[PDB]
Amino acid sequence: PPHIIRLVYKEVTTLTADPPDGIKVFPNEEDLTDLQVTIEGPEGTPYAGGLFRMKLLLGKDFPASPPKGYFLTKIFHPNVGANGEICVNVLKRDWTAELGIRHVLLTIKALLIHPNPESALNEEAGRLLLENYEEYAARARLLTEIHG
């Protein structure tokens, strides 16, 4: 689909021109709907110092609906499930089709800073976060040192 080609152009060029801090995007030359992404773990969080790889699958309907996202880097996070699937409450609730990849990635980076344990795919991470933050952070830091 041509809109995908133009759309990836529009999305990737701007992302690389005024890059958000710690974010980089690698279009798969074989399949432009598969967008690979690295996000540096924000300072002052358990993910600090890590490089987190993820992919964004842009459906044919993008941007009518947001992409599906996966952390390829193993991570201990309330809103990241066993297969690496991401659940972002602002994406599934306040999405409009004027938004694009920049918004998606800033929302995911911001979720690393302030996870949402209510909508937790990883229920252990979510309970620790609310009830025993130090134990959540210790487990999030160790996976960061191994996998980031």
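Residue indices: 1-based, along the sequence shown.
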| item | value |
| --- | --- |
| Average Cα temperature factor in the PDB entry - higher stretch of 32-40, 103-111 | 32-40 |
| Which of 90-98 and 65-73 has higher mean CA B factor, as the PDB entry lists it | 90-98 |
| Chain-wide C-alpha B factor ranking for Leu129, given as lowest, middle or highest third | lowest |
| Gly49 by Cα B-factor - lowest, middle or highest third of the modelled chain | middle |
| Modelled-residue ranking by C-alpha temperature factor, third containing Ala140 | lowest |
